[PDB]
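Chain order of the listed sequences is C and Y. Under the authors' numbering, think of the first position of the first sequence as 256, with each following residue one higher. Under the authors' numbering, think of the first position of the second sequence as 302, with each following residue one higher. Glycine is no exception: its CB is placed at the ideal position from the N, C-alpha and C atoms.
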Amino acid sequence: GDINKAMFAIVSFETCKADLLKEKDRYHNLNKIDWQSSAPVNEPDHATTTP
Amino acid sequence: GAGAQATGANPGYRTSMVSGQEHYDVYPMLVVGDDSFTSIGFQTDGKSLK
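Here is the structure:
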């Protein structure tokens, strides 16, 4: 019953490659990312208004 | 198997079997021009999903 006691929280959001390259040093393994497969339509769990 | 019946004089083209009889095949070579069709989405309001 308390948000403070929660062990973990998981959030899913939409991003582009420009956002990730905005901070190059923070992220790794950007070369192997399969961009086409992880489209918004290919993940039915995520809820969004993107056409 | 949609083609005409193939005899033993097959020059080398591909073929298949229909009802125990050997027939030729057909291959598409399709060209899709702009604004020719649209997929129809049956949305649930509040989100876009399929």
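(message) Taking the alpha-carbon of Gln322/Y as reference, which of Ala310/Y, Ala305/Y, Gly313/Y and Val333/Y has the nearest alpha-carbon?
(response) Position 21 of the second sequence, counting from 1, holds the residue named residue 322/Y. For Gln322/Y, the nearest C-alpha among the options comes from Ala305/Y.
(request) Express the C-alpha separation of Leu275/C and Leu331/Y in angstroms, rounding to a whole number. (result) Stepping through the second sequence from its first residue, residue 331/Y is reached at position 30. Stepping through the first sequence from its first residue, residue 275/C is reached at position 20. Near 39 Å, if we compare the C-alpha coordinates of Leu275/C and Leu331/Y.
(message) Between which residues of its own chain and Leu285/C is the CB-CB distance below 7 Å, once the five residues before and five after are set aside?
(response) Here the question's residue 285/C lines up with position 30 in the first sequence. Excluding positions up to five away in sequence, the list reads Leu275.
(request) Look at the Cβ atom of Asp326/Y, then the Cβ atom of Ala303/Y, and state whether they are nearer than 9 Å. (result) In the second sequence, residue 326/Y corresponds to position 25, counting from 1. In the second sequence, residue 303/Y corresponds to position 2, counting from 1. It is a contact, given that the beta carbons lie within the stated cut-off.
(request) Check the Cβ-Cβ distances between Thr305/C and every residue of chain Y, and say whether any is below 9 Å. (result) For the purposes of this step, residue 305/C is identified with residue 50 of the first sequence, where counting begins at 1. Judged by the 9 Å Cβ criterion, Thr305/C is in contact with chain Y.
(request) Could you say which of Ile288/C, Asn297/C and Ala261/C lies nearest to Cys271/C if we only look at CA atoms? (result) The residue given as residue 271/C occupies position 16 in the first sequence. Out of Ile288/C, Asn297/C and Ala261/C, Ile288/C has the C-alpha closest to the C-alpha of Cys271/C.
(request) Express the C-alpha separation of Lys351/Y and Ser340/Y in angstroms, rounding to a whole number. (result) Within the second sequence, residue 340/Y is the residue found at index 39, counting from 1. Within the second sequence, residue 351/Y is the residue found at index 50, counting from 1. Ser340/Y and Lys351/Y have their C-alpha atoms roughly 12 Å apart.
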